[PDB]
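Before any comments, here is the structure.
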Amino acid sequence: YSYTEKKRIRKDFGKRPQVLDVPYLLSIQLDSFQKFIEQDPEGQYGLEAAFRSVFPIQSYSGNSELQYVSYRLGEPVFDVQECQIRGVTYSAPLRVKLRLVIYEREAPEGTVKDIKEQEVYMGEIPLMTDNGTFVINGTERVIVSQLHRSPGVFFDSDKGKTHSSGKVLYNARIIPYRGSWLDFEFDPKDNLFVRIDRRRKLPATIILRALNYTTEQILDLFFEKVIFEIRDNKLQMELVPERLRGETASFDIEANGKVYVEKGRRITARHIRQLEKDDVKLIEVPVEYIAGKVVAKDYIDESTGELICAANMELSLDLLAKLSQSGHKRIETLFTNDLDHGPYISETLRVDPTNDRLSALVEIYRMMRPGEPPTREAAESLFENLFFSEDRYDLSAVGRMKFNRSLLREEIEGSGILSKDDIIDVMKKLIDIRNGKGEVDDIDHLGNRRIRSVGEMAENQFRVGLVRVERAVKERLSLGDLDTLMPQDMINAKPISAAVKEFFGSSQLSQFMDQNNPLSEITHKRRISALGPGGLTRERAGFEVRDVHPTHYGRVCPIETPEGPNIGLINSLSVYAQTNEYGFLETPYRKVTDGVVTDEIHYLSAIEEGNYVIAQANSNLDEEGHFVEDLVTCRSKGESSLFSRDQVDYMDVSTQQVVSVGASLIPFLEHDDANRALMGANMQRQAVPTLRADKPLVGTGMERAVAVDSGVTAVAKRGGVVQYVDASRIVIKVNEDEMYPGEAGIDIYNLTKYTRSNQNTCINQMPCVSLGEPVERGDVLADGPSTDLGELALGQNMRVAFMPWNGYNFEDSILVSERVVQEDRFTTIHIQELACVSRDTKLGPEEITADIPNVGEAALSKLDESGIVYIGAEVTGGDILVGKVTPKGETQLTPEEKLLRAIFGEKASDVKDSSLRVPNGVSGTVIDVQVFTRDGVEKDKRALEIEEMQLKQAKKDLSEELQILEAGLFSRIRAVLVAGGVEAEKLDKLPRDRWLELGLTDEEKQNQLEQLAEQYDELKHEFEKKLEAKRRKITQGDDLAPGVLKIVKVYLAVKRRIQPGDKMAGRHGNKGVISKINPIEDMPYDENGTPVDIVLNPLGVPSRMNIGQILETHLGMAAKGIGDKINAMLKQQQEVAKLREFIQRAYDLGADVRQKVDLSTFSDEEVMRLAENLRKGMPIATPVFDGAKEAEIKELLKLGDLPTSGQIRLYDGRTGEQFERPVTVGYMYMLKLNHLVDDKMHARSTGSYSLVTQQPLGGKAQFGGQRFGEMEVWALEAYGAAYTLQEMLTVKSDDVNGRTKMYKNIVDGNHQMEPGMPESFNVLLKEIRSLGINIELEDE
Amino acid sequence: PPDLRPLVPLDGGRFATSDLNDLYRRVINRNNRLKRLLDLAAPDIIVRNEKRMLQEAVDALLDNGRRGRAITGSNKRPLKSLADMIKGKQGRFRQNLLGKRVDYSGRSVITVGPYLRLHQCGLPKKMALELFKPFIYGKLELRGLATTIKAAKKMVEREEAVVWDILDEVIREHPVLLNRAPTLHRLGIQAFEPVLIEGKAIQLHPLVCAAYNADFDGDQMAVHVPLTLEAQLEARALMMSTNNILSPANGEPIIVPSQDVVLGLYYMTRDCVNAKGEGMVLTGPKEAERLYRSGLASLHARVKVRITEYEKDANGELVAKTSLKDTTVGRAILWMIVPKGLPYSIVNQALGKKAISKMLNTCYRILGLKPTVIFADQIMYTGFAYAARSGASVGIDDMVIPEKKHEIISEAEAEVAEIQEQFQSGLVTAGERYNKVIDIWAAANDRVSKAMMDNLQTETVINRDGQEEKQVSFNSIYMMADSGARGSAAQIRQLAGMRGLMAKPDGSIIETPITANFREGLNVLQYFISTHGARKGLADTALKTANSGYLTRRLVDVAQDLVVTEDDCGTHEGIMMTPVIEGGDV
Amino acid sequence: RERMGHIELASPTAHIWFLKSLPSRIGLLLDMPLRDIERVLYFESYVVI
RNA sequence: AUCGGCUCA
DNA sequence: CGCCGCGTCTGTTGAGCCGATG
DNA sequence: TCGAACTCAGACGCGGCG
Ligand SMILES: [Mg+2]
């Protein structure tokens, strides 16, 4: 038990021993980037691959080249906090090492002319903060993983696109990482077809001729023929016995000297048996057997050279004479049968218009690039650089593996570029899958989808930038001088910086980070999207993708996904999932050996999971041995059933790796429905951090990990004992064992007080330790926005007692009491940001000043000299924040007014004002003003004051650091001086400075005094140089966008609280909208005086089946009874022994729980402070699927003297009578949500108007009117009302004269209407008659 | 002209202009340069290329992406021609000419109020002080408190109490229109009559939430006012809330009492066998009220009273008859609101929501309209009041597992084991085993469910004046499921018995079914199998609405014109109607 | 908002809508196929008047 | 004003 | 007359918020 | 002007070729 565990121990009801503990919640970003930037020596990962892939560049002629060597990253100019206050990116510079060597053109390899060696600056790359978020222009930003289809080969079958045919059509596809696709396909009458990049369909085999190899060689490669001989009289055919199979005979099959098979007789197995027992292969047959066949190998007249028959072409019987006479004693043919070997290639041949390579290349070349002449170089180049260039086609390291695995080769890796054999093999297996062998693939398998994260995406973008630069390097290298050309001149760093800074802040995936909670971070960083560059779209995706697949078990959560247009496209990663080395997903399992579940754990991918057989976590392990019951439940090949005790191989690790982390925090998940749990897990991420946070009385054990690993609480860095605690910093002193001998060993934590979170809520931290108590490494020292002693506490828990009450909770409504609003347990803080900029107009510069023309003296009380609000003054909508005046034209004048304006004395350049003001409807209390200035503008008084203040605090912090450092060092420099005698009475009598002057002895102490002086001198030099550095960094001028002089920036802070209309919701998915706030008296009060605080509705349980909340309510009332009993024991001031006995009685209550806490070890003050911390109610835990049961919960209820059934007698508030029946009462745990009312209500009577179409603007931000869409127009025509929509079409929207005269009549007391023509109609007239069409409306 | 294509300034000297100016500049430049080259008689090819580029510029101005590839702007996005300032969902005809923006309007979040009457709604103070501004100016100037308009502006903004008095004067008798989007059918916007409250939410009657299809869990609603004098009479006489109470799709009433009032009406009118005041006699409903309230009798305990009921079987006028009826106390309390034209056998039964709907319909048939409005409102009030007064909660003791559930599942598993044995010996084929297994599991499901419902419904055994009797139960789940408030038999079966067989995404039926329910908690992979069907339902619900809305639009656009013009067409014969009970029964 | 202007083209051009819309309303009138009219107007061939 | 992204019923 | 292939044109409604660019 | 774009899909009418 650590030091934040003896404070308050939460009781566990879990019953399964745990083997693996949850990993670091957000490893995927950290690992991905961390291997993006690391210097790999040999195994290219990261930047070194990107360089070494553009390995040195030579000239067009080949007269020199420059050779890449190495790289390094500088250190950033600013640390994170300054980089977020300032408003600038957080990045590092990239320094590359380069050599240019010049080799002479006179000598073949005369390389010894010049070797120039230096460093080159190109680009700057952003870094990852400690948690996993980038900062880009000062707004924290997160980029999301992606899940796309693995590059490789792919088979499938459309269900007859020409569905009138009703016959399925197969096809195959090759898709690489970077390059052009390739598709093979059938047609409704079995002719193979190809296409490149979804161009026009081309008859197949045109590639086969395009490889410049004709019918003979390749289509001998394709079929293997059937052998015949013309024995000078007749035909003999060689019969391999296993050929006539499933076939029928046309004549009496026989042998040279025997009769085997009769005519009209199918070749059964016995016939082949007889033939192979006879060992006969050569058989005379009638020559009619050749009538119907096809030639295999090209035969010519060997005398003249005339092709008797081109290969793979038809034949006849006169051609038998021709072949026999030409000198051919053998005939090769085709063993054809559409069910086994159909002539798909044969027909494809006799549809192709082609004979030689040149025709095929020409046809393709004018296909893809029509028009331009097909020179030989052009055709060859188009067909080479399309599929066979490492520069324009590369599969991958992973694509090759997937390719070679899907074709049943053996060697995993090879070349990254296509070739002849691969296309041949794809064709052969496609025809094979057509004939009935093998079967198609499917797409949703998590063994064909790959995740791609920060490192890989950034690598690709930076490679694009690099190749763009390589272009210009080749350009410039060839022409100019060489001996005086330093490499640094011939680069440009613009394209790299442009590409990188465009991707880190403009892409589809860089997003803001929702900072409502800790949940909102560590769910927005563990997210897996399927959209973006190279993926689907919200309308393309059908119904097959959005569905749950049997391979999601343990890799992706099934009950966590949004509800809008994109249901299944984005979904969160599970709890234990890794990522493989290629990129597929992996999950743990435990090995089983001879019935014993061992302890070593193996990770499995998505394809190996299907071979084995897997047990389940709920299977009752029989105390170290094998499983208890015979037919253990298991699953294999994607289905579940019952197996033996020995067949099993793996048992999964923990009872909760199927769910995410958002949905493993709701207790009793196993009782309530699926989609209600979806709504619960999906609106747990929208709570709002209240004033004082409060732990949950019923949680699922995984509070602490989420609160710590989200990086929002300040955790101890090294052990020690606390030195100084304050509301805004803590200074801790390390133990001796952990101090390496350089410094004095003090750590200083600066907590972050009230700050904006980019959803406009409040971030602040509170110290959590007292003064002078020890602290061990890994603890927490300061709770965050929404934590409590290191536990995620996200809303507050209230006494709910639900029954129907006078219809004020009709449908989902709530009915809060009125001491939920007195106690301030739901108020929140909201802060807001306003800005004002001054530029340089053509006339001149703006100014910030208090002398604003034409303002009454009243509004200018609240501005100081410099013209910026005070700190603490509270403003309401309409006031002035910053006084700004804009100069305008200077017209020239007459002497008399010169005299006048010199006596009255006020101005030279009569000047507009454009000051900043609070937009109406806003109020609050300014809390912080910031001023940014260029380098060259005179600093006004207040910026000077602010910077001087901040310097004062910085110097205090630095002197305190170096001073407690030198407090240890001066304990040292006081102890060291004591050597050399004693001056005990005079030692401390005289001032400590007078310790370098007293009596000196020669033999060693001159060195002692000398080192006193020396180390003092270096200490003082370090101090002064350090302070000078810090002052220079503070007083440093800033950088602004061109044309801006200085900008101020003002904050505001409001305080919102509960009122009707405002939303709340529990964890299980029961929303609601407060309906009334009811005095204390009216609340139902139980038999003892204490009223209730919420009154829900029981008609909402039976119909949506979220039975979680009933059991959660019962545990709430059980867990508060023990708190009350401890309170009674403790106010009455009983004793220590009784507290020890009772509390120990409370922690031994389950059936066979795993947690056993023995507090006969705890010392008395520790027991007392624990009992102090439990007096508000004993917290309880309940892991997700290994929960608590009704017997245990009823034992709890009976320990505190409460009714076992769970429900008590409630009286009534208004009449004093008793409710007829018992009523449930317990403790729910419910949350705010930030759909407040103060951001929805809006009302308009007259305001702005547009410009091009003269009808009112829209949205609350700019005070607009609502919309009356065409659906309402149909509604209002169906009724029959015709004056009303004439009113809504002309005199409230567009008719100008109409609206002015309508307002006149209304204020005048007469209710009438003079309509005209909606003038956007005549806008339409002019847009049409601008095209050259004479729209124009006839007259009367 | 210019203002039809402005050039708007920015904060910092930048200008944002429509693409039209760009498209015009290109043509102007091409025209000038071609004229130049034409004057000097340049050689032919220059003239050819220049003319072709002029052609391309013009016919890219007319509409961008038609002839070749669209000429993009700086941002790799195509430009906006003329011909696409009229098309699409953003053009003039659909975005800006058929549906305007409108002022004199507002919107907010809705919530319930049950103290209303169904021709009323609530307005927050300040919404109504912002919508009705000029009426207030007029009243102030007429009373003579403010001389000029500016005096009225300041008096309204400072919010002096005379403003509240005037504002309460103005809104009286001035209906407003409430709307909720989407507006699928003509009952989507209605005309209510304001009542001022303090707060921030638009209160709304309970009974008119079935027409809007509104729930109170975060919906939003919009408010408009009618200005003129004709439109005000139209919002009173055509589209008020008490004038349309029959749906125009089919004449079925549209104010059925919804979900909580019906449980009160069902808990009043029921009978227990023992309660108290058994078998004593009363003199009217009033003494029944006194007895129930003083605590001398129970709200439902069988009695015989004297009642006086009116039939108007005569020529349109009422006649009265009296008698001793045999009823409980609850029904004799109800008889105080039925309005003097209905027979007493309307009340002698346990009033599930079908009986309430018949009650209202019969009132409408006999007595006309106004009594139906009054009567419906009184039903709502008394239902709420006597449903809160009982206290009706749901607790983990209510979900009652049948006792005979181990035996049924054990027998089913034995049977499936035997069929598997017979298969492994080769006697039976592949598919036959599958079919027989699913049949036996279905039969086990059915008899488990029947045992459950034979244990819930009638098991209260209670004794009075003798030995033992059995009556229908008082189990909170059973009352919420029987009367008709929420739920049904299938969903109680989910909560207590087996929860059936589940289907995999393909559509097949998986072999081994779920066996646990929501009280015992369920396993891991049983949950992981429920997820399939859950997501299929969720994914379908979100991708109907597109083509549903599209179909509605096409229908409204075809049937647009037709209106009823003439009285009698004078045509001859039409079509013939016959029943279609064919195939099966009616 | 009401006054208009005009450019005087140096050489005639062809309105899209009356050429590239479906059945062309020019190719239907002259009766000659569409491809010919594009290839004349793209400046690719000649034609005999 | 356009574009992208998250969210509500 | 009868395949067979090609370029247009459609795909819910109100609201709320914040970066990006000109 | 090299640079993408991808596997939306369902229906209808027209331009070629037999
Ligand atoms: Mg709703």
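Going by the structure tokens order, chains are called A, B, ..., each with residues numbered from 1, while ligands are numbered from 1 in the order shown.
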If you count only C-alpha atoms (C1' of nucleotides), which residues fall within 12 Å of stretch 348-355 of chain A, apart from same-chain ones fewer than 3 positions away, as JSON, numbers by chain?
-> {"A": [186, 187, 189, 190, 191, 192, 193, 194, 202, 203, 204, 205, 206, 207, 208, 209, 210, 212, 213, 214, 215, 219, 310, 311, 312, 313, 314, 342, 343, 344, 345, 358, 359, 360, 361, 362, 363, 364]}
List the neighbours of residue A:414 out to 12 Å using only C-alpha atoms (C1' of nucleotides); skip same-chain residues closer than 5 positions along the sequence, and give me the result as JSON, numbers by chain.
-> {"A": [395, 396, 397, 398, 399, 400, 401, 402, 403, 404, 409, 419]}
Give me, as a CSV table (one decimal) with N, CA, C and O atoms, in the first residue's frame, the residues of chain A touching chain C, with the criterion being at most 10 Å (counting only C-alpha atoms).
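And here is the file that came out, selection.csv:
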```csv
chain,number,residue,atom,x,y,z
A,1252,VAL,N,-26.7,41.5,-50.1
A,1252,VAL,CA,-27.0,41.2,-51.5
A,1252,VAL,C,-28.5,40.8,-51.7
A,1252,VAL,O,-29.0,40.9,-52.8
A,1322,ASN,N,-36.7,39.9,-57.8
A,1322,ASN,CA,-36.1,40.7,-58.9
A,1322,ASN,C,-34.6,40.5,-58.9
A,1322,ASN,O,-34.0,40.6,-60.0
A,1323,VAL,N,-34.0,40.2,-57.8
A,1323,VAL,CA,-32.6,39.7,-57.9
A,1323,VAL,C,-32.5,38.5,-58.8
A,1323,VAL,O,-31.7,38.4,-59.7
A,1326,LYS,N,-32.7,39.5,-62.5
A,1326,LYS,CA,-31.5,40.0,-63.1
A,1326,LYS,C,-30.4,38.9,-63.3
A,1326,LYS,O,-29.7,39.0,-64.3
A,1330,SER,N,-29.2,38.1,-67.1
A,1330,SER,CA,-27.8,38.3,-67.3
A,1330,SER,C,-27.2,37.2,-68.2
A,1330,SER,O,-26.1,37.4,-68.7
A,1331,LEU,N,-27.8,36.1,-68.3
A,1331,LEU,CA,-27.3,35.0,-69.1
A,1331,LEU,C,-27.5,35.1,-70.6
A,1331,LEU,O,-26.9,34.4,-71.4
A,1332,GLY,N,-28.3,36.1,-71.0
A,1332,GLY,CA,-28.8,36.1,-72.4
A,1332,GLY,C,-30.1,35.5,-72.6
A,1332,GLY,O,-30.4,35.1,-73.7
```
Hey, what does DSSP flag as strand (DSSP E) within stretch 180-333 of chain B? Can you give it to me as a PyMOL selection string?
-> chain B and resi 189-192+194-197+202-204+220-224+303-311+319-327
Go ahead and write the selection's residues with N, CA, C and O atoms as a compact mmCIF listing (two decimals), in the first residue's frame.
```
# COMPACT_ATOMS: atom_id res chain seq x y z
N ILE B 189 -47.48 22.73 -36.46
CA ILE B 189 -47.48 24.05 -35.85
C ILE B 189 -48.88 24.35 -35.36
O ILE B 189 -49.86 24.10 -36.07
N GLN B 190 -48.99 24.88 -34.15
CA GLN B 190 -50.31 25.14 -33.60
C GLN B 190 -50.30 26.51 -32.94
O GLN B 190 -49.25 27.12 -32.75
N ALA B 191 -51.48 27.00 -32.60
CA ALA B 191 -51.64 28.37 -32.14
C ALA B 191 -52.15 28.37 -30.71
O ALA B 191 -53.31 28.06 -30.46
N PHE B 192 -51.30 28.79 -29.79
CA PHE B 192 -51.58 28.76 -28.37
C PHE B 192 -51.80 30.18 -27.88
O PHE B 192 -51.71 31.14 -28.64
N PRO B 194 -50.78 32.92 -24.67
CA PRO B 194 -49.67 32.95 -23.72
C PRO B 194 -50.10 33.07 -22.27
O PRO B 194 -51.19 33.51 -21.94
N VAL B 195 -49.18 32.65 -21.40
CA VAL B 195 -49.23 32.89 -19.96
C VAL B 195 -47.80 33.21 -19.54
O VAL B 195 -46.89 32.42 -19.82
N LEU B 196 -47.58 34.36 -18.91
CA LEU B 196 -46.23 34.77 -18.57
C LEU B 196 -45.74 34.10 -17.30
O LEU B 196 -46.44 34.06 -16.30
N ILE B 197 -44.51 33.58 -17.35
CA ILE B 197 -43.84 32.98 -16.21
C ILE B 197 -42.41 33.52 -16.17
O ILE B 197 -41.96 34.20 -17.09
N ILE B 202 -39.84 27.20 -22.36
CA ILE B 202 -41.21 27.30 -22.85
C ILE B 202 -42.02 26.14 -22.29
O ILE B 202 -41.88 25.01 -22.75
N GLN B 203 -42.87 26.40 -21.31
CA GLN B 203 -43.70 25.34 -20.79
C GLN B 203 -44.71 24.91 -21.84
O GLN B 203 -44.97 25.63 -22.80
N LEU B 204 -45.28 23.73 -21.67
CA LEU B 204 -46.17 23.21 -22.70
C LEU B 204 -47.05 22.11 -22.12
O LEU B 204 -46.65 21.41 -21.20
N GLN B 220 -36.13 21.27 -28.71
CA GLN B 220 -36.19 22.71 -28.83
C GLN B 220 -37.37 23.11 -29.69
O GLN B 220 -37.82 22.34 -30.53
N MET B 221 -37.85 24.33 -29.49
CA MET B 221 -39.12 24.74 -30.06
C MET B 221 -39.06 26.22 -30.38
O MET B 221 -38.43 26.99 -29.65
N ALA B 222 -39.74 26.62 -31.45
CA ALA B 222 -39.67 27.98 -31.97
C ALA B 222 -41.01 28.68 -31.86
O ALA B 222 -42.06 28.06 -32.02
N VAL B 223 -40.96 29.98 -31.62
CA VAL B 223 -42.12 30.82 -31.36
C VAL B 223 -42.17 31.94 -32.38
O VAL B 223 -41.18 32.65 -32.55
N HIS B 224 -43.33 32.11 -33.03
CA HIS B 224 -43.60 33.25 -33.90
C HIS B 224 -44.84 33.98 -33.42
O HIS B 224 -45.69 33.41 -32.73
N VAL B 303 -68.58 -2.01 -2.47
CA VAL B 303 -69.63 -1.28 -1.76
C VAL B 303 -70.86 -1.29 -2.66
O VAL B 303 -70.80 -1.75 -3.80
N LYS B 304 -71.99 -0.79 -2.17
CA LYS B 304 -73.11 -0.48 -3.05
C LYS B 304 -73.66 0.90 -2.72
O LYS B 304 -73.99 1.19 -1.58
N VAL B 305 -73.77 1.75 -3.75
CA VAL B 305 -74.14 3.15 -3.56
C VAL B 305 -75.41 3.46 -4.32
O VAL B 305 -75.93 2.61 -5.04
N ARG B 306 -75.92 4.68 -4.17
CA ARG B 306 -77.08 5.17 -4.91
C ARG B 306 -76.64 6.24 -5.89
O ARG B 306 -76.03 7.23 -5.48
N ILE B 307 -76.96 6.08 -7.17
CA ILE B 307 -76.54 7.04 -8.17
C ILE B 307 -77.71 7.44 -9.06
O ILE B 307 -78.71 6.73 -9.17
N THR B 308 -77.53 8.57 -9.74
CA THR B 308 -78.55 9.21 -10.55
C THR B 308 -77.96 9.52 -11.92
O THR B 308 -77.11 10.40 -12.04
N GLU B 309 -78.41 8.82 -12.94
CA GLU B 309 -77.83 8.91 -14.27
C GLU B 309 -78.86 9.42 -15.26
O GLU B 309 -80.06 9.16 -15.14
N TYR B 310 -78.38 10.17 -16.25
CA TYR B 310 -79.22 10.89 -17.19
C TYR B 310 -79.07 10.29 -18.58
O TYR B 310 -77.96 10.24 -19.11
N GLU B 311 -80.18 9.89 -19.18
CA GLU B 311 -80.16 9.55 -20.59
C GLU B 311 -81.00 10.57 -21.34
O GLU B 311 -81.98 11.09 -20.81
N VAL B 319 -83.49 13.09 -19.43
CA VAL B 319 -84.38 12.51 -18.43
C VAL B 319 -83.53 11.71 -17.45
O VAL B 319 -82.52 11.11 -17.84
N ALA B 320 -83.94 11.71 -16.19
CA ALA B 320 -83.11 11.23 -15.09
C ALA B 320 -83.68 9.97 -14.47
O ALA B 320 -84.90 9.87 -14.28
N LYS B 321 -82.82 9.02 -14.12
CA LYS B 321 -83.25 7.83 -13.42
C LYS B 321 -82.23 7.45 -12.36
O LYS B 321 -81.02 7.62 -12.56
N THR B 322 -82.71 6.91 -11.24
CA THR B 322 -81.88 6.65 -10.07
C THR B 322 -81.93 5.17 -9.72
O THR B 322 -82.88 4.47 -10.06
N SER B 323 -80.90 4.70 -9.01
CA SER B 323 -80.86 3.28 -8.66
C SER B 323 -79.70 3.02 -7.72
O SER B 323 -78.79 3.84 -7.58
N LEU B 324 -79.72 1.84 -7.09
CA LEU B 324 -78.61 1.36 -6.28
C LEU B 324 -77.69 0.48 -7.12
O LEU B 324 -78.07 -0.62 -7.51
N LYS B 325 -76.48 0.95 -7.34
CA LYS B 325 -75.49 0.22 -8.11
C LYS B 325 -74.50 -0.43 -7.17
O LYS B 325 -74.39 -0.05 -6.00
N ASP B 326 -73.78 -1.41 -7.69
CA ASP B 326 -72.89 -2.27 -6.90
C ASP B 326 -71.45 -2.04 -7.37
O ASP B 326 -70.99 -2.67 -8.32
N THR B 327 -70.74 -1.15 -6.68
CA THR B 327 -69.46 -0.65 -7.17
C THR B 327 -68.51 -0.41 -6.02
O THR B 327 -68.89 -0.41 -4.86
```
Which neighbours of residue A:779 fall inside 10 Å, counting only C-alpha atoms (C1' of nucleotides), when residues of the same chain fewer than 4 positions from it are skipped, and could you give them as a PDB file with C-alpha atoms, in the first residue's frame?
```
ATOM      1  CA  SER A   2       1.380   3.286  -1.246  1.00  0.00           C
ATOM      2  CA  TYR A   3       0.973   6.533   0.657  1.00  0.00           C
ATOM      3  CA  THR A   4      -2.199   7.617  -1.168  1.00  0.00           C
ATOM      4  CA  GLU A   5      -3.704   4.202  -0.500  1.00  0.00           C
ATOM      5  CA  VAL A 708      -3.164   9.243 -13.219  1.00  0.00           C
ATOM      6  CA  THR A 713      -2.466  15.637 -11.939  1.00  0.00           C
ATOM      7  CA  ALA A 714       1.025  16.545 -10.755  1.00  0.00           C
ATOM      8  CA  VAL A 715       2.816  13.341  -9.757  1.00  0.00           C
ATOM      9  CA  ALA A 716       5.911  13.097  -7.601  1.00  0.00           C
ATOM     10  CA  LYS A 717       9.181  12.865  -9.477  1.00  0.00           C
ATOM     11  CA  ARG A 718      11.473  11.445  -6.779  1.00  0.00           C
ATOM     12  CA  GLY A 719      10.912  10.402  -3.196  1.00  0.00           C
ATOM     13  CA  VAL A 775       6.082  11.301  -0.163  1.00  0.00           C
ATOM     14  CA  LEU A 789      -7.297  12.213  -4.112  1.00  0.00           C
ATOM     15  CA  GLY A 790      -6.243  10.597  -7.370  1.00  0.00           C
TER      16      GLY A 790
END
```
Against chain D, which residues of chain B fall within 8 Å? For each one I want the closest pair of atoms and the distance in Å (one decimal), counting only C-alpha atoms (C1' of nucleotides), rows by chain and increasing residue number, as JSON lines.
```
{"residue": "B:16", "atom": "CA", "partner": "D:1", "partner_atom": "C1'", "distance": 7.4}
{"residue": "B:17", "atom": "CA", "partner": "D:1", "partner_atom": "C1'", "distance": 8.0}
{"residue": "B:18", "atom": "CA", "partner": "D:1", "partner_atom": "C1'", "distance": 7.6}
{"residue": "B:218", "atom": "CA", "partner": "D:9", "partner_atom": "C1'", "distance": 7.1}
{"residue": "B:219", "atom": "CA", "partner": "D:9", "partner_atom": "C1'", "distance": 5.4}
{"residue": "B:220", "atom": "CA", "partner": "D:9", "partner_atom": "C1'", "distance": 7.5}
```
Would you save the residues from that selection as a PDB file, in the first residue's frame, using C-alpha atoms?
```pdb
ATOM      1  CA  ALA B  16     -13.321  39.100 -50.001  1.00  0.00           C
ATOM      2  CA  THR B  17     -15.141  39.068 -53.331  1.00  0.00           C
ATOM      3  CA  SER B  18     -17.413  36.645 -55.096  1.00  0.00           C
ATOM      4  CA  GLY B 218     -33.645  18.313 -24.581  1.00  0.00           C
ATOM      5  CA  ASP B 219     -35.859  19.166 -27.529  1.00  0.00           C
ATOM      6  CA  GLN B 220     -36.186  22.714 -28.826  1.00  0.00           C
TER       7      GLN B 220
END
```
Using only C-alpha atoms (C1' of nucleotides), determine which residues of chain B fall within 6 Å of chain E; present them as a ChimeraX atom specification.
-> /B:16,181-182,545-546,549
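From atom CA of residue A:1309 back to atom CA of residue B:149, the distance works out to 14.1 Å.
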Give as a PyMOL selection string the residues surrounding ligand 1 up to a distance of 12 Å, considering only C-alpha atoms (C1' of nucleotides) and all ligand atoms.
-> (chain A and resi 811-813+1071-1073) or (chain B and resi 109-111+180-181+209+212-221) or (chain D and resi 8-9)
Just need the residues of chain C within 10 Å of chain B, counting only C-alpha atoms, so spit them out as a ChimeraX atom specification.
-> /C:1-5,7-17,19-21,38,41-44
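Considering the residues A:1136, A:308, A:1053, A:509 and counting only C-alpha atoms (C1' of nucleotides), chain D has its shortest atom-to-atom contact with A:509.
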Counting only C-alpha atoms (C1' of nucleotides), which residues from chain A have an atom at most 12 Å from any atom of chain E, and could you show them as an NGL selection string?
-> :A and (136-141 or 162 or 200-201 or 502 or 505-508 or 510-514 or 539-540 or 565 or 758-760 or 1234-1236 or 1239-1242 or 1258-1261 or 1265-1272)
Pull out every residue of chain C that has at least one atom within 10 Å of chain F, counting only C-alpha atoms (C1' of nucleotides), and report them as a ChimeraX atom specification.
-> /C:22-23,33
Please save C-alpha atoms of the selected residues as a compact mmCIF listing (two decimals), in the first residue's frame.
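Result file follows (selection-v3.txt):
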```txt
# COMPACT_ATOMS: atom_id res chain seq x y z
CA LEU C 22 -28.81 17.41 -73.91
CA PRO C 23 -30.08 17.18 -77.33
CA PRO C 33 -23.71 15.30 -85.33
```
